[PDB]
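The structure appears below as structure tokens.
Every number here is computed from the coordinates shown, using simple stated rules; none is lab data. We place every Cβ from the backbone using ideal geometry, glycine too, and count neighbours over all the protein chains shown.
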Amino acid sequence: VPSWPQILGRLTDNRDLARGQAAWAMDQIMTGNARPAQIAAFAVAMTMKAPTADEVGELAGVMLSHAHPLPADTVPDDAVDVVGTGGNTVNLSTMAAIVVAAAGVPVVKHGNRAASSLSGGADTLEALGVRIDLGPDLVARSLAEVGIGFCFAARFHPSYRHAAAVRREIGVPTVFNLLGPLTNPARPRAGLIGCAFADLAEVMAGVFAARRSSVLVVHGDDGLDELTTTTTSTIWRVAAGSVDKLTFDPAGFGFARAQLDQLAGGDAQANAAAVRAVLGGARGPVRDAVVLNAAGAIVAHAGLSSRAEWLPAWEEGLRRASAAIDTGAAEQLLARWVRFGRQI
Amino acid sequence: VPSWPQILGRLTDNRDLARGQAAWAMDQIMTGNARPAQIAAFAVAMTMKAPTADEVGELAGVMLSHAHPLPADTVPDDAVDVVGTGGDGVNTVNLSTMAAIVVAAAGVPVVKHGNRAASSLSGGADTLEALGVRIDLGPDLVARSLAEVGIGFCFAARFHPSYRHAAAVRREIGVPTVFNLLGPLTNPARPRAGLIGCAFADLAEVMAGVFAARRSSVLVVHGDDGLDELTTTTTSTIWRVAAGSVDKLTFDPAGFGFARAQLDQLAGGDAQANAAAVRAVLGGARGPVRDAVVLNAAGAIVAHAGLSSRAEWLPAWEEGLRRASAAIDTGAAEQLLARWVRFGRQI
Ligand SMILES: O=P(O)(O)OC[C@H]1O[C@H](OP(=O)(O)OP(=O)(O)O)[C@H](O)[C@@H]1O
Ligand SMILES: O=P(O)(O)OC[C@H]1O[C@H](OP(=O)(O)OP(=O)(O)O)[C@H](O)[C@@H]1O
Ligand SMILES: [Mg+2]
Ligand SMILES: [Mg+2]
């Protein structure tokens, strides 16, 4: 017997929800039955009552149960995501994704256009000439032909639009900011997942563990929702349904310390210029961070196998990410991705 | 540069607002400039952070600054309110309403404030209508009622038309929020004294702080059974507000010879049932309902007495109980309700 008064009442009492309550709430939102006030109340209360992995998993599962799927047998078993919660990072994630795909690891990303001038995943890709708004059959064909696909959230999650509007109206991060990485409709089993919210990274890791994903959930100790080069990073390594928390230092692999002012994401047009520069062989702090993050995604991919060893997996990941840039394979993959969109 | 992201961000970080921020928010809400999502976010966030008296006082201040006032010099300086937050989840008779009539009949001017029920079968305003009292009079006529009858009723929707945006969000989300505190703090006649019920034990102290800041003489009451009234089934917690300060007491009616009642004996019904119960009490029916009415009327009289620095607690209660009982026993309360009904029918 579920209801808003009951569910919101329980959250304002600072109590974890009973099993299925988060799911009921998200289903109401997804079926268009929740008024904007109810959506907003739920998002704030869930946020101020620290969400648990069970609750966030319930929200993401309901969202996925409403999403358009990709066609049967079109997503490889070892596809990876590279994505962060933001709250930015999109330049790094996007470049790293292209590098990973160029290395031979299939990548399927998922995202929105940004509400600000600060680019979303989608905005930077469009600036580079990639057609981001394609239907399931064409994303599958992209993945097969180019090695990478992008699922536009507005297209694959049409029932989420009311929630999206509420989030923009309240304008501050909530539990819904966690769901991007957890609601990729291609359902990749691996990924490098950035989380800006240090206290919630462990929660996201828990959700991925329940799904038997091989993921590195990463939080830069300088706040970045990516593996940073300015200092150490905290990694929640997810494999075989378990989570190990680690401190990671890229200097151990010979990466120079950089400054934060050098790495943050900006608008889509500037992100686009930075992509072209890095993929064209420009050296410096941005390249290093892209390489490190690409390697991280390759390591997560390697973890799909029970016989993967941490330090050797990192060394291979770094070699592969560097080579994908240095040979021009990453630059050529982007060009082939642009051409894909222009040829139907 | 105040904004919703700023204010909501601060509340969701579990931080108290800066001075002026709650006021800014409430003012956006009252002028129709707040989206429903923003209203609901604000109400919920503030509730979970734990509102301060400064914050709640700002909200109520903004409401009062937008309300229709009564004409100048028409509200006596010692007028009292008898009103509560509601939301106690018990279907009780309209104890504040019955106590208000008794208090007015004892000679203390009363200006009540209210709406038609949120989640009981019958609110104070619904029960008054069923008795034949006109609830929806304007400022001039409320002031005239106060002068001619000794009591007036300010219909919350009539006096706070701009609250409609907040009210609708409250109804949509259902859960109690800080907004549930505002009714008793926003009587448009601005009485300086009152017996104020609070269903939410954790927020009563906050309400008491708001009244202390305005230099009101108020008893903020929470029955330890959960009632937003002085109860007869058990003890009540009272936050006594006098001289700009608050002190917390526990009140036991056994100390004044009241027998313990059971909660189901104070149960009410629809507006006709509760109207019938008002008629029975004013007519001299003895029993648990009368006891609770007499106790609550006495509490409002004690609050009124506290407008003087000289008032002492136990003498005040004894006087209040004598006055409340006499007002019923002499027929003064029954006659005042009749005179109130007649006043309204004569336009
Ligand atoms: O606010 P939203 O539209 O929901 O998007 C949140 C994040 O998702 C995208 O990141 P990306 O996928 O590039 O990962 P990254 O942030 O780790 O670069 C976008 O650039 C934001 O950083
Ligand atoms: O939920 P709302 O519509 O905001 O109203 C809250 C309370 O206001 C009235 O109480 P009051 O103490 O004035 O009257 P009663 O005790 O006589 O019922 C009403 O009867 C509710 O109890
Ligand atoms: Mg009451
Ligand atoms: Mg009550």
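Below are the figures for this structure:
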quantity	calculated
Distant-in-sequence amide H partners of A:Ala190 (H built 1.01 Å from N, under 5 Å)	A:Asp81, A:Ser214
Debye, to nearest 20: dipole size of the stretch B:1-67, +1 on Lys, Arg Cβ, -1 on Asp, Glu Cβ	160
P(r) tail fraction, the stretch A:141-257 - alpha-carbon pairs more than 24 Å apart, %	38
Distance between the stretch B:196-271 and the stretch A:124-159 - C-alpha centres, whole angstrom	62
10 Å binning of all Cα-Cα separations within the stretch A:185-241, expressed as whole percents from 0 upward	28, 51, 20, 1
Candidate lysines for bridging to A:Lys49, where Cα separation is under 24 Å - those fewer than 8 sequence places away on the same chain excluded	A:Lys245, B:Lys49
The stretch B:194-347 - convex hull of the alpha-carbon atoms, volume per residue in Å³	134
Qualifying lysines (Cα of each under 30 Å from Cα of B:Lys112; at least 8 residues distant if same chain)	B:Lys248
Sum of -39500 (n - 2.57) over DSSP H runs of 4+, divided by residues of chain A (222 nm, nearest 500)	-14500 deg cm²/dmol
Where trypsin sites (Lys or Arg not before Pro) fall in DSSP loop in the stretch A:7-57, at most 11 other Cβ within 10 Å	A:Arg15, A:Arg19
Chain B: relative contact order as a whole-number percent, Cα under 8 Å and 6+ apart	21
Dipole magnitude (debye, nearest 20) for the protein assembly as shown, charges at Cβ of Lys, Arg, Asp, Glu	1220
Rg to Rh quotient for the stretch B:76-347, alpha carbon positions, Kirkwood Rh	0.93
Candidates B:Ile29, B:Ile173, B:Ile301: whichever shows maximal mean-square fluctuation once chain B is modelled as a Gaussian network with Cα springs under 10 Å	B:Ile173
For the protein assembly as shown, alpha-carbon Rg over 2.2 N^0.38 Å	1.21
For the stretch A:1-120, convex hull of alpha carbons as volume per residue, Å³	148
C-alpha long axis of helix B:53-66 to longest principal axis of chain B, angle in °	80
Charge-dipole axis of the stretch B:76-347 as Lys and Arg at +1 and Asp and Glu at -1 on Cβ define it, positive-most pick from B:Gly223, B:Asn94, B:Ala332	B:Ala332
Cα long-axis angle, helix B:21-30 against chain B (0 to 90 degrees, to the nearest 10)	70
Taking the C-alpha atoms of the stretch A:1-67, convex hull volume expressed per residue in Å³	79
Dipole moment magnitude, nearest 20 debye, the stretch B:76-347 about Cα centre, only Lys, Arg, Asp, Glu C-beta charged	740
Rounded to 10°, Cα long-axis angle of helix B:288-305 versus longest principal axis of chain B	70
Where GluC sites (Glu not before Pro) fall in DSSP loop in the stretch A:281-344, at most 14 other Cβ within 10 Å	A:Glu309
Selection from B:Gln346, B:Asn296, B:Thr232 lying farthest towards where the dipole of the stretch B:204-347 points positive, charges on Cβ	B:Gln346
